[PDB]
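The chain below stands alone and is given in structure tokens; this is the form deposited in one PDB entry.
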């Protein structure tokens, strides 16, 4: 006695199947999932009739569809995505001041901070899987998008996390090709040193948080040199620096990432500049005319910059 169901790797190309009720899913399909739940070792139930089941690439049709949708060969990917998903579908994604956040759960403050930021910067993912989920995230269905993020960064639920690290991995799969930065390092001894970055390395800097400062001058070892921004072409810039007490002034930035705690007691909050300043702490929300605290990331809007130096 057999029933009718669907298998897929992308949840777009559905493949029609007739499962033997006695035999388990695993026997027939190998690794098999039902909205994250690993159903490899259980046997086809009745309620399953005409439901969609994620399976592993175990033929050429599914090996293509997978790579086409996910832009990855890693045969562990689905496993960890489905694992991640099984948890993230039980997380709460409340609307907070227009934005999909996450109620705090499983040290996920860094995923929340990522998710709030991604809704406020111009960006387009190269993988369909990521672009699709990024749309349905902004809507309010951000479970999938989170699972994919955890998957793409090889993180697991409960694992501690870094916003800046996560943004980096995600910007690999963003279309940032036409983004461009030009930096110049002036020592009176060793002369000049200019660099021309494209892609991810064009938008991210680790050293200071103030973008205005980054244009004027920044002191570094070669004794000391002067680093400044020559040309920036990108829709945003991310300015990261080791967490330090810093005053955020309204409307001088897009959003920021706060980090209290030191080791495994570390917590990210998200600050966003709107009509006034809002601090998004998962499901909780504060307002002030100005903000002071340990900031580690700051995002700034940009179109085209050129410096008035030499």
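Under this definition, the rigid core comprises the largest set of C-alpha atoms superposing within 1.5 Å between the forms. Positions refer to the first chain, counted from 1. Residues that one form lacks are left out of the comparison.
The modelled chain breaks after residue 222 and resumes at residue 223, leaving 1 to 3 residues of the deposited sequence without coordinates.
For the two regions 184 to 192 and 69 to 77, the entry's Cα B-factors average higher over 184 to 192.
Taking the mean C-alpha B-factor of each stretch as recorded, 291 to 299 and 9 to 17 are not equal, and the higher mean is that of 9 to 17. For the set 61, 273, 260, 264, the maximum C-alpha B-factor listed in the entry falls on 61. Taking the PDB entry at face value, the top CA B factor among 282, 251, 243, 44 belongs to 44. In this PDB entry, residue 226 carries a Cα temperature factor that places it within the highest third of its chain's modelled residues. When all modelled residues of the chain are sorted by CA temperature factor, residue 217 is found within the highest third.
The following text describes the form solved in complex with a small molecule, which does not appear among the structures shown.
With the small molecule omitted here, the record of contacts in the deposited bound form names 154 to 162 of 229 to 237, 133 to 141, 154 to 162, 84 to 92, defined by a heavy atom within 4.5 Å. The small molecule is not shown here, and in the deposited bound form it never comes within 4.5 Å of any heavy atom of residue 251. At a distance threshold of 4.5 angstroms between non-hydrogen atoms, residue 47 is out of contact with the small molecule in the deposited bound form. The closest heavy atom approach of residue 243 to the small molecule in the deposited bound form falls within 4.5 Å. Superposition of the core reveals a Cα shift of less than 2 Å for residue 262 between the shown form and the other one.
Taking the core as reference, just one block of three or more adjacent residues between the shown form and the other one has all its Cα positions offset by 2 Å or more: 263 to 265.
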